>>> print(open('target_21.cif').read())   # mmCIF, N, CA and C atoms
data_final
#
loop_
_atom_site.group_PDB
_atom_site.id
_atom_site.type_symbol
_atom_site.label_atom_id
_atom_site.label_comp_id
_atom_site.auth_asym_id
_atom_site.auth_seq_id
_atom_site.Cartn_x
_atom_site.Cartn_y
_atom_site.Cartn_z
ATOM 1 N N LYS A 535 2.908 -33.701 -24.286
ATOM 2 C CA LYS A 535 3.635 -32.468 -24.036
ATOM 3 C C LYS A 535 4.227 -31.936 -25.334
ATOM 4 N N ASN A 536 4.452 -30.622 -25.353
ATOM 5 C CA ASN A 536 5.111 -29.917 -26.450
ATOM 6 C C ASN A 536 4.321 -29.979 -27.753
ATOM 7 N N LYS A 537 3.011 -30.205 -27.681
ATOM 8 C CA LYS A 537 2.174 -30.237 -28.869
ATOM 9 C C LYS A 537 0.848 -29.549 -28.578
ATOM 10 N N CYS A 538 0.304 -28.904 -29.606
ATOM 11 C CA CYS A 538 -0.966 -28.193 -29.493
ATOM 12 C C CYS A 538 -2.090 -29.205 -29.313
ATOM 13 N N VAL A 539 -2.624 -29.290 -28.094
ATOM 14 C CA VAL A 539 -3.729 -30.182 -27.774
ATOM 15 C C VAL A 539 -4.761 -29.407 -26.967
ATOM 16 N N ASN A 540 -5.989 -29.915 -26.965
ATOM 17 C CA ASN A 540 -7.056 -29.369 -26.135
ATOM 18 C C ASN A 540 -7.208 -30.263 -24.908
ATOM 19 N N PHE A 541 -6.963 -29.693 -23.735
ATOM 20 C CA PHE A 541 -6.834 -30.451 -22.502
ATOM 21 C C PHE A 541 -8.097 -30.365 -21.655
ATOM 22 N N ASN A 542 -8.052 -31.047 -20.513
ATOM 23 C CA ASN A 542 -9.128 -31.031 -19.531
ATOM 24 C C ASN A 542 -8.558 -31.453 -18.188
ATOM 25 N N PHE A 543 -8.480 -30.510 -17.253
ATOM 26 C CA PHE A 543 -7.921 -30.752 -15.923
ATOM 27 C C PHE A 543 -9.004 -30.454 -14.893
ATOM 28 N N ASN A 544 -9.694 -31.498 -14.431
ATOM 29 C CA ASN A 544 -10.753 -31.360 -13.431
ATOM 30 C C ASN A 544 -11.811 -30.354 -13.876
ATOM 31 N N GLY A 545 -12.199 -30.426 -15.146
ATOM 32 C CA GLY A 545 -13.177 -29.515 -15.697
ATOM 33 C C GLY A 545 -12.620 -28.224 -16.252
ATOM 34 N N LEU A 546 -11.310 -28.007 -16.163
ATOM 35 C CA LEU A 546 -10.673 -26.824 -16.730
ATOM 36 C C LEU A 546 -10.365 -27.097 -18.197
ATOM 37 N N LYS A 547 -11.283 -26.712 -19.079
ATOM 38 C CA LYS A 547 -11.130 -26.951 -20.506
ATOM 39 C C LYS A 547 -10.346 -25.813 -21.147
ATOM 40 N N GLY A 548 -9.520 -26.154 -22.129
ATOM 41 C CA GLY A 548 -8.741 -25.161 -22.841
ATOM 42 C C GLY A 548 -7.933 -25.808 -23.939
ATOM 43 N N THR A 549 -7.286 -24.965 -24.737
ATOM 44 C CA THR A 549 -6.439 -25.414 -25.833
ATOM 45 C C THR A 549 -5.093 -24.716 -25.730
ATOM 46 N N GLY A 550 -4.016 -25.481 -25.862
ATOM 47 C CA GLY A 550 -2.689 -24.904 -25.783
ATOM 48 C C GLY A 550 -1.631 -25.986 -25.814
ATOM 49 N N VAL A 551 -0.396 -25.577 -25.549
ATOM 50 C CA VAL A 551 0.746 -26.480 -25.503
ATOM 51 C C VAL A 551 1.222 -26.586 -24.061
ATOM 52 N N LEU A 552 1.494 -27.811 -23.623
ATOM 53 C CA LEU A 552 1.881 -28.093 -22.247
ATOM 54 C C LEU A 552 3.373 -28.374 -22.181
ATOM 55 N N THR A 553 4.067 -27.667 -21.292
ATOM 56 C CA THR A 553 5.499 -27.840 -21.101
ATOM 57 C C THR A 553 5.806 -27.831 -19.612
ATOM 58 N N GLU A 554 7.059 -28.129 -19.283
ATOM 59 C CA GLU A 554 7.500 -28.070 -17.899
ATOM 60 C C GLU A 554 7.569 -26.622 -17.423
ATOM 61 N N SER A 555 7.475 -26.448 -16.108
ATOM 62 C CA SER A 555 7.477 -25.128 -15.500
ATOM 63 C C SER A 555 8.418 -25.103 -14.306
ATOM 64 N N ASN A 556 9.004 -23.932 -14.065
ATOM 65 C CA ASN A 556 9.857 -23.700 -12.909
ATOM 66 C C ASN A 556 9.131 -22.952 -11.799
ATOM 67 N N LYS A 557 7.810 -22.820 -11.898
ATOM 68 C CA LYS A 557 7.022 -22.111 -10.897
ATOM 69 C C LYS A 557 7.000 -22.931 -9.614
ATOM 70 N N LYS A 558 7.729 -22.473 -8.597
ATOM 71 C CA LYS A 558 7.836 -23.199 -7.334
ATOM 72 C C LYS A 558 6.514 -23.058 -6.587
ATOM 73 N N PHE A 559 5.564 -23.909 -6.964
ATOM 74 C CA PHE A 559 4.241 -23.889 -6.360
ATOM 75 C C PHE A 559 4.308 -24.252 -4.882
ATOM 76 N N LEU A 560 3.447 -23.612 -4.098
ATOM 77 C CA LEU A 560 3.274 -24.011 -2.713
ATOM 78 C C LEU A 560 2.412 -25.271 -2.647
ATOM 79 N N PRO A 561 2.576 -26.085 -1.599
ATOM 80 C CA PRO A 561 1.837 -27.361 -1.549
ATOM 81 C C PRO A 561 0.329 -27.203 -1.641
ATOM 82 N N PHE A 562 -0.230 -26.138 -1.068
ATOM 83 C CA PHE A 562 -1.669 -25.928 -1.149
ATOM 84 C C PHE A 562 -2.101 -25.295 -2.466
ATOM 85 N N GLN A 563 -1.200 -24.600 -3.156
ATOM 86 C CA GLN A 563 -1.546 -23.977 -4.427
ATOM 87 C C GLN A 563 -1.709 -25.032 -5.514
ATOM 88 N N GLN A 564 -2.741 -24.871 -6.341
ATOM 89 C CA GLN A 564 -3.022 -25.826 -7.406
ATOM 90 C C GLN A 564 -2.714 -25.278 -8.790
ATOM 91 N N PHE A 565 -3.188 -24.078 -9.118
ATOM 92 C CA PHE A 565 -2.926 -23.518 -10.434
ATOM 93 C C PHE A 565 -2.594 -22.040 -10.302
ATOM 94 N N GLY A 566 -1.847 -21.537 -11.280
ATOM 95 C CA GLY A 566 -1.483 -20.135 -11.315
ATOM 96 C C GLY A 566 -2.336 -19.332 -12.274
ATOM 97 N N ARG A 567 -2.243 -18.008 -12.200
ATOM 98 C CA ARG A 567 -2.992 -17.125 -13.078
ATOM 99 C C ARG A 567 -2.102 -15.982 -13.542
ATOM 100 N N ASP A 568 -2.367 -15.504 -14.754
ATOM 101 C CA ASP A 568 -1.579 -14.443 -15.359
ATOM 102 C C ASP A 568 -2.190 -13.084 -15.019
ATOM 103 N N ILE A 569 -1.719 -12.034 -15.696
ATOM 104 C CA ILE A 569 -2.212 -10.685 -15.430
ATOM 105 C C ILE A 569 -3.702 -10.596 -15.737
ATOM 106 N N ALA A 570 -4.125 -11.191 -16.851
ATOM 107 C CA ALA A 570 -5.533 -11.201 -17.224
ATOM 108 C C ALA A 570 -6.344 -12.229 -16.450
ATOM 109 N N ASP A 571 -5.734 -12.913 -15.481
ATOM 110 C CA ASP A 571 -6.356 -13.919 -14.624
ATOM 111 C C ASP A 571 -6.780 -15.173 -15.377
ATOM 112 N N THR A 572 -6.325 -15.356 -16.611
ATOM 113 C CA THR A 572 -6.498 -16.634 -17.282
ATOM 114 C C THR A 572 -5.472 -17.633 -16.759
ATOM 115 N N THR A 573 -5.860 -18.905 -16.738
ATOM 116 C CA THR A 573 -4.978 -19.935 -16.206
ATOM 117 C C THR A 573 -3.692 -20.009 -17.020
ATOM 118 N N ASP A 574 -2.562 -19.937 -16.325
ATOM 119 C CA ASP A 574 -1.246 -19.980 -16.945
ATOM 120 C C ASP A 574 -0.463 -21.234 -16.603
ATOM 121 N N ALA A 575 -0.584 -21.738 -15.379
ATOM 122 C CA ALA A 575 0.055 -22.979 -14.973
ATOM 123 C C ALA A 575 -0.960 -23.817 -14.216
ATOM 124 N N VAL A 576 -0.743 -25.131 -14.205
ATOM 125 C CA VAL A 576 -1.669 -26.048 -13.555
ATOM 126 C C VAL A 576 -0.885 -27.234 -13.016
ATOM 127 N N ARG A 577 -1.383 -27.803 -11.923
ATOM 128 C CA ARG A 577 -0.829 -29.017 -11.342
ATOM 129 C C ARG A 577 -1.685 -30.194 -11.789
ATOM 130 N N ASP A 578 -1.058 -31.169 -12.435
ATOM 131 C CA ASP A 578 -1.954 -32.190 -12.955
ATOM 132 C C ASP A 578 -2.243 -33.257 -11.904
ATOM 133 N N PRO A 579 -3.427 -33.859 -11.959
ATOM 134 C CA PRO A 579 -3.721 -34.986 -11.074
ATOM 135 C C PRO A 579 -2.909 -36.213 -11.459
ATOM 136 N N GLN A 580 -2.818 -37.144 -10.506
ATOM 137 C CA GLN A 580 -2.182 -38.445 -10.693
ATOM 138 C C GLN A 580 -0.671 -38.336 -10.869
ATOM 139 N N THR A 581 -0.141 -37.116 -10.911
ATOM 140 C CA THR A 581 1.297 -36.908 -11.018
ATOM 141 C C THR A 581 1.833 -35.816 -10.106
ATOM 142 N N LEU A 582 1.003 -34.862 -9.681
ATOM 143 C CA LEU A 582 1.435 -33.727 -8.862
ATOM 144 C C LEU A 582 2.503 -32.898 -9.570
ATOM 145 N N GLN B 920 34.335 37.311 -36.571
ATOM 146 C CA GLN B 920 34.098 35.934 -36.992
ATOM 147 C C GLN B 920 34.574 34.938 -35.943
ATOM 148 N N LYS B 921 35.770 35.156 -35.392
ATOM 149 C CA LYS B 921 36.317 34.220 -34.415
ATOM 150 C C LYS B 921 35.480 34.193 -33.141
ATOM 151 N N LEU B 922 35.040 35.362 -32.673
ATOM 152 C CA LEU B 922 34.214 35.416 -31.473
ATOM 153 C C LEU B 922 32.891 34.691 -31.681
ATOM 154 N N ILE B 923 32.264 34.889 -32.841
ATOM 155 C CA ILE B 923 30.996 34.229 -33.130
ATOM 156 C C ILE B 923 31.183 32.721 -33.217
ATOM 157 N N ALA B 924 32.274 32.276 -33.847
ATOM 158 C CA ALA B 924 32.544 30.844 -33.920
ATOM 159 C C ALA B 924 32.743 30.249 -32.533
ATOM 160 N N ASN B 925 33.495 30.941 -31.673
ATOM 161 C CA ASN B 925 33.711 30.451 -30.317
ATOM 162 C C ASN B 925 32.401 30.373 -29.546
ATOM 163 N N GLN B 926 31.556 31.396 -29.679
ATOM 164 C CA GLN B 926 30.271 31.390 -28.990
ATOM 165 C C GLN B 926 29.395 30.240 -29.468
ATOM 166 N N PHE B 927 29.369 29.996 -30.779
ATOM 167 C CA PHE B 927 28.571 28.896 -31.313
ATOM 168 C C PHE B 927 29.068 27.551 -30.796
ATOM 169 N N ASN B 928 30.390 27.349 -30.794
ATOM 170 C CA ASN B 928 30.937 26.083 -30.316
ATOM 171 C C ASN B 928 30.620 25.867 -28.841
ATOM 172 N N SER B 929 30.777 26.917 -28.029
ATOM 173 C CA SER B 929 30.459 26.805 -26.611
ATOM 174 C C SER B 929 28.985 26.495 -26.403
ATOM 175 N N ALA B 930 28.110 27.133 -27.185
ATOM 176 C CA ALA B 930 26.680 26.878 -27.052
ATOM 177 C C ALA B 930 26.336 25.439 -27.409
ATOM 178 N N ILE B 931 26.947 24.901 -28.466
ATOM 179 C CA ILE B 931 26.678 23.514 -28.843
ATOM 180 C C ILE B 931 27.127 22.559 -27.742
ATOM 181 N N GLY B 932 28.331 22.775 -27.204
ATOM 182 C CA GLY B 932 28.789 21.934 -26.108
ATOM 183 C C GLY B 932 27.883 22.018 -24.894
ATOM 184 N N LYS B 933 27.418 23.225 -24.576
ATOM 185 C CA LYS B 933 26.534 23.407 -23.432
ATOM 186 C C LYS B 933 25.189 22.726 -23.645
ATOM 187 N N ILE B 934 24.659 22.748 -24.871
ATOM 188 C CA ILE B 934 23.424 22.014 -25.155
ATOM 189 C C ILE B 934 23.633 20.520 -24.972
ATOM 190 N N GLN B 935 24.768 20.000 -25.441
ATOM 191 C CA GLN B 935 25.047 18.581 -25.236
ATOM 192 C C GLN B 935 25.060 18.238 -23.751
ATOM 193 N N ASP B 936 25.754 19.052 -22.951
ATOM 194 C CA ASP B 936 25.821 18.797 -21.514
ATOM 195 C C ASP B 936 24.445 18.898 -20.861
ATOM 196 N N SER B 937 23.660 19.908 -21.241
ATOM 197 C CA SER B 937 22.338 20.092 -20.651
ATOM 198 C C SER B 937 21.424 18.916 -20.960
ATOM 199 N N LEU B 938 21.449 18.428 -22.202
ATOM 200 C CA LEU B 938 20.670 17.239 -22.530
ATOM 201 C C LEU B 938 21.159 16.032 -21.742
ATOM 202 N N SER B 939 22.479 15.900 -21.578
ATOM 203 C CA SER B 939 23.016 14.773 -20.826
ATOM 204 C C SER B 939 22.674 14.836 -19.343
ATOM 205 N N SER B 940 22.398 16.023 -18.805
ATOM 206 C CA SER B 940 22.195 16.182 -17.371
ATOM 207 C C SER B 940 20.754 16.477 -16.971
ATOM 208 N N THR B 941 19.856 16.708 -17.924
ATOM 209 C CA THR B 941 18.458 16.974 -17.599
ATOM 210 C C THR B 941 17.599 15.791 -18.021
ATOM 211 N N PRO B 942 16.923 15.110 -17.091
ATOM 212 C CA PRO B 942 16.154 13.914 -17.462
ATOM 213 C C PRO B 942 14.780 14.226 -18.039
ATOM 214 N N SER B 943 14.226 15.387 -17.703
ATOM 215 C CA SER B 943 12.863 15.736 -18.083
ATOM 216 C C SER B 943 12.769 16.404 -19.450
ATOM 217 N N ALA B 944 13.886 16.538 -20.168
ATOM 218 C CA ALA B 944 13.847 17.176 -21.481
ATOM 219 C C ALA B 944 13.037 16.356 -22.478
ATOM 220 N N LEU B 945 13.180 15.029 -22.447
ATOM 221 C CA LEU B 945 12.528 14.137 -23.398
ATOM 222 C C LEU B 945 11.137 13.718 -22.941
ATOM 223 N N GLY B 946 10.488 14.563 -22.136
ATOM 224 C CA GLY B 946 9.243 14.175 -21.500
ATOM 225 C C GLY B 946 8.119 13.917 -22.481
ATOM 226 N N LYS B 947 8.074 14.669 -23.580
ATOM 227 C CA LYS B 947 6.985 14.500 -24.539
ATOM 228 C C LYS B 947 7.032 13.125 -25.197
ATOM 229 N N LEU B 948 8.205 12.732 -25.698
ATOM 230 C CA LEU B 948 8.342 11.414 -26.307
ATOM 231 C C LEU B 948 8.153 10.307 -25.277
ATOM 232 N N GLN B 949 8.696 10.495 -24.069
ATOM 233 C CA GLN B 949 8.495 9.493 -23.030
ATOM 234 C C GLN B 949 7.018 9.345 -22.695
ATOM 235 N N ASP B 950 6.277 10.454 -22.697
ATOM 236 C CA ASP B 950 4.851 10.403 -22.415
ATOM 237 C C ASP B 950 4.094 9.703 -23.530
ATOM 238 N N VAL B 951 4.510 9.901 -24.782
ATOM 239 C CA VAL B 951 3.889 9.167 -25.884
ATOM 240 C C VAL B 951 4.053 7.665 -25.676
ATOM 241 N N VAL B 952 5.285 7.237 -25.387
ATOM 242 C CA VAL B 952 5.547 5.813 -25.182
ATOM 243 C C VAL B 952 4.738 5.285 -24.003
ATOM 244 N N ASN B 953 4.726 6.036 -22.898
ATOM 245 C CA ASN B 953 4.018 5.601 -21.702
ATOM 246 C C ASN B 953 2.518 5.519 -21.941
ATOM 247 N N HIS B 954 1.953 6.476 -22.679
ATOM 248 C CA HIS B 954 0.525 6.446 -22.963
ATOM 249 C C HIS B 954 0.161 5.216 -23.777
ATOM 250 N N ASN B 955 0.954 4.913 -24.808
ATOM 251 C CA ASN B 955 0.666 3.721 -25.602
ATOM 252 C C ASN B 955 0.733 2.461 -24.746
ATOM 253 N N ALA B 956 1.807 2.320 -23.963
ATOM 254 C CA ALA B 956 1.968 1.119 -23.151
ATOM 255 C C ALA B 956 0.854 0.991 -22.121
ATOM 256 N N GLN B 957 0.491 2.099 -21.473
ATOM 257 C CA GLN B 957 -0.553 2.071 -20.457
ATOM 258 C C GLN B 957 -1.903 1.712 -21.056
ATOM 259 N N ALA B 958 -2.238 2.279 -22.217
ATOM 260 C CA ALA B 958 -3.508 1.943 -22.850
ATOM 261 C C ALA B 958 -3.562 0.463 -23.197
ATOM 262 N N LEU B 959 -2.473 -0.066 -23.756
ATOM 263 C CA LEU B 959 -2.485 -1.465 -24.164
ATOM 264 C C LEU B 959 -2.560 -2.388 -22.948
ATOM 265 N N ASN B 960 -1.837 -2.053 -21.875
ATOM 266 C CA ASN B 960 -1.879 -2.868 -20.663
ATOM 267 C C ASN B 960 -3.252 -2.815 -20.003
ATOM 268 N N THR B 961 -3.892 -1.644 -19.985
ATOM 269 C CA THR B 961 -5.239 -1.558 -19.428
ATOM 270 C C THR B 961 -6.212 -2.399 -20.239
ATOM 271 N N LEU B 962 -6.078 -2.369 -21.566
ATOM 272 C CA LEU B 962 -6.896 -3.232 -22.409
ATOM 273 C C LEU B 962 -6.660 -4.701 -22.081
ATOM 274 N N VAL B 963 -5.415 -5.061 -21.760
ATOM 275 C CA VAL B 963 -5.138 -6.443 -21.371
ATOM 276 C C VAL B 963 -5.780 -6.781 -20.031
ATOM 277 N N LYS B 964 -5.686 -5.878 -19.055
ATOM 278 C CA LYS B 964 -6.241 -6.155 -17.732
ATOM 279 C C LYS B 964 -7.757 -6.255 -17.777
ATOM 280 N N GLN B 965 -8.388 -5.545 -18.711
ATOM 281 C CA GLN B 965 -9.843 -5.492 -18.748
ATOM 282 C C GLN B 965 -10.471 -6.864 -18.980
ATOM 283 N N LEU B 966 -9.699 -7.836 -19.469
ATOM 284 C CA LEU B 966 -10.247 -9.157 -19.760
ATOM 285 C C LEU B 966 -10.658 -9.918 -18.507
ATOM 286 N N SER B 967 -10.162 -9.529 -17.338
ATOM 287 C CA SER B 967 -10.457 -10.242 -16.103
ATOM 288 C C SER B 967 -11.783 -9.827 -15.480
#
>>> encode(input="target_21.cif", output="structure tokens")
Amino acid sequence: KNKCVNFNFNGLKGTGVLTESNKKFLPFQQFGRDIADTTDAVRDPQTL
Amino acid sequence: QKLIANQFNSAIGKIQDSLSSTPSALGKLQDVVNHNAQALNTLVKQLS
């Protein structure tokens, strides 16, 4: 966390910095999207 | 001279009040700002 890394979440490849979020996700919701519909938040496996 | 000075002062005060009470006076500058923001936001949305 808090460092520029290239991640992989169930095949979702990308590069960025990972931090905590206050996005009150619904139980069925897995990841969020921004205005441009690029992934903005994600729920990680093995930790929820 | 005194009458002209009084008329000028009253006109200046009335212009101040009219600008303070009319919202559509600054429409040209507001439209410039809105056009720039709208173009940039549309360019952002186009990525999806």
>>> closest_atom_pairs(input="target_21.cif", of="chain B", to="chain A", cutoff="6 Å", atoms="only N, CA and C atoms", output="Markdown table")
| residue | atom | partner | partner_atom | distance |
| --- | --- | --- | --- | --- |
| B:963 | C | A:570 | CA | 5.2 |
| B:964 | CA | A:570 | CA | 5.1 |
| B:966 | C | A:570 | C | 5.3 |
| B:967 | CA | A:570 | C | 4.6 |
>>> atom_distance(input="target_21.cif", atom1="atom CA of residue A:564", atom2="atom CA of residue A:551")
18.5 Å
>>> closest_residue(input="target_21.cif", among="A:535, A:566, A:580, A:540", to="residue A:552", atoms="all atoms listed in the file")
A:535
>>> atom_distance(input="target_21.cif", atom1="atom CA of residue A:576", atom2="atom N of residue A:543")
8.9 Å
>>> select_by_dssp(input="target_21.cif", residues="chain A", states="strand (DSSP E or B)", output="VMD selection string")
chain A and resid 538 to 543 546 to 551 565 to 567 573 to 576
>>> atom_distance(input="target_21.cif", atom1="atom C of residue A:555", atom2="atom CA of residue A:581")
14.2 Å
>>> resolve_selection(input="target_21.cif", expression="the PyMOL selection byres ((chain A and resi 565) around 7)", output="list in words")
residues 562, 563, 564, 566, 567, 573, 574, 575, 576 and 577 of chain A
>>> build_atoms(input="target_21.cif", residues="stretch 935-951 of chain B", atoms="N, CA, C and O atoms", output="PDB file, keeping the file's coordinate frame")
ATOM      1  N   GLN B 935      24.768  20.000 -25.441  1.00  0.00           N
ATOM      2  CA  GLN B 935      25.047  18.581 -25.236  1.00  0.00           C
ATOM      3  C   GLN B 935      25.060  18.238 -23.751  1.00  0.00           C
ATOM      4  O   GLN B 935      24.432  17.263 -23.317  1.00  0.00           O
ATOM      5  N   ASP B 936      25.754  19.052 -22.951  1.00  0.00           N
ATOM      6  CA  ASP B 936      25.821  18.797 -21.514  1.00  0.00           C
ATOM      7  C   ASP B 936      24.445  18.898 -20.861  1.00  0.00           C
ATOM      8  O   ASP B 936      24.090  18.072 -20.012  1.00  0.00           O
ATOM      9  N   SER B 937      23.660  19.908 -21.241  1.00  0.00           N
ATOM     10  CA  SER B 937      22.338  20.092 -20.651  1.00  0.00           C
ATOM     11  C   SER B 937      21.424  18.916 -20.960  1.00  0.00           C
ATOM     12  O   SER B 937      20.685  18.451 -20.086  1.00  0.00           O
ATOM     13  N   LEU B 938      21.449  18.428 -22.202  1.00  0.00           N
ATOM     14  CA  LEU B 938      20.670  17.239 -22.530  1.00  0.00           C
ATOM     15  C   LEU B 938      21.159  16.032 -21.742  1.00  0.00           C
ATOM     16  O   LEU B 938      20.354  15.217 -21.278  1.00  0.00           O
ATOM     17  N   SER B 939      22.479  15.900 -21.578  1.00  0.00           N
ATOM     18  CA  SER B 939      23.016  14.773 -20.826  1.00  0.00           C
ATOM     19  C   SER B 939      22.674  14.836 -19.343  1.00  0.00           C
ATOM     20  O   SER B 939      22.662  13.793 -18.681  1.00  0.00           O
ATOM     21  N   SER B 940      22.398  16.023 -18.805  1.00  0.00           N
ATOM     22  CA  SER B 940      22.195  16.182 -17.371  1.00  0.00           C
ATOM     23  C   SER B 940      20.754  16.477 -16.971  1.00  0.00           C
ATOM     24  O   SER B 940      20.461  16.497 -15.772  1.00  0.00           O
ATOM     25  N   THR B 941      19.856  16.708 -17.924  1.00  0.00           N
ATOM     26  CA  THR B 941      18.458  16.974 -17.599  1.00  0.00           C
ATOM     27  C   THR B 941      17.599  15.791 -18.021  1.00  0.00           C
ATOM     28  O   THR B 941      17.539  15.472 -19.220  1.00  0.00           O
ATOM     29  N   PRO B 942      16.923  15.110 -17.091  1.00  0.00           N
ATOM     30  CA  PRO B 942      16.154  13.914 -17.462  1.00  0.00           C
ATOM     31  C   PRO B 942      14.780  14.226 -18.039  1.00  0.00           C
ATOM     32  O   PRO B 942      14.223  13.418 -18.787  1.00  0.00           O
ATOM     33  N   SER B 943      14.226  15.387 -17.703  1.00  0.00           N
ATOM     34  CA  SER B 943      12.863  15.736 -18.083  1.00  0.00           C
ATOM     35  C   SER B 943      12.769  16.404 -19.450  1.00  0.00           C
ATOM     36  O   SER B 943      11.673  16.807 -19.848  1.00  0.00           O
ATOM     37  N   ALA B 944      13.886  16.538 -20.168  1.00  0.00           N
ATOM     38  CA  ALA B 944      13.847  17.176 -21.481  1.00  0.00           C
ATOM     39  C   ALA B 944      13.037  16.356 -22.478  1.00  0.00           C
ATOM     40  O   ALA B 944      12.274  16.916 -23.274  1.00  0.00           O
ATOM     41  N   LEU B 945      13.180  15.029 -22.447  1.00  0.00           N
ATOM     42  CA  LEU B 945      12.528  14.137 -23.398  1.00  0.00           C
ATOM     43  C   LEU B 945      11.137  13.718 -22.941  1.00  0.00           C
ATOM     44  O   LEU B 945      10.654  12.633 -23.314  1.00  0.00           O
ATOM     45  N   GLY B 946      10.488  14.563 -22.136  1.00  0.00           N
ATOM     46  CA  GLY B 946       9.243  14.175 -21.500  1.00  0.00           C
ATOM     47  C   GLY B 946       8.119  13.917 -22.481  1.00  0.00           C
ATOM     48  O   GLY B 946       7.285  13.044 -22.253  1.00  0.00           O
ATOM     49  N   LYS B 947       8.074  14.669 -23.580  1.00  0.00           N
ATOM     50  CA  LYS B 947       6.985  14.500 -24.539  1.00  0.00           C
ATOM     51  C   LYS B 947       7.032  13.125 -25.197  1.00  0.00           C
ATOM     52  O   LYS B 947       6.023  12.409 -25.251  1.00  0.00           O
ATOM     53  N   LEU B 948       8.205  12.732 -25.698  1.00  0.00           N
ATOM     54  CA  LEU B 948       8.342  11.414 -26.307  1.00  0.00           C
ATOM     55  C   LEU B 948       8.153  10.307 -25.277  1.00  0.00           C
ATOM     56  O   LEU B 948       7.512   9.280 -25.562  1.00  0.00           O
ATOM     57  N   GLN B 949       8.696  10.495 -24.069  1.00  0.00           N
ATOM     58  CA  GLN B 949       8.495   9.493 -23.030  1.00  0.00           C
ATOM     59  C   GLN B 949       7.018   9.345 -22.695  1.00  0.00           C
ATOM     60  O   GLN B 949       6.538   8.235 -22.448  1.00  0.00           O
ATOM     61  N   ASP B 950       6.277  10.454 -22.697  1.00  0.00           N
ATOM     62  CA  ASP B 950       4.851  10.403 -22.415  1.00  0.00           C
ATOM     63  C   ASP B 950       4.094   9.703 -23.530  1.00  0.00           C
ATOM     64  O   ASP B 950       3.124   8.990 -23.268  1.00  0.00           O
ATOM     65  N   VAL B 951       4.510   9.901 -24.782  1.00  0.00           N
ATOM     66  CA  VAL B 951       3.889   9.167 -25.884  1.00  0.00           C
ATOM     67  C   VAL B 951       4.053   7.665 -25.676  1.00  0.00           C
ATOM     68  O   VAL B 951       3.084   6.888 -25.751  1.00  0.00           O
TER      69      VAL B 951
END
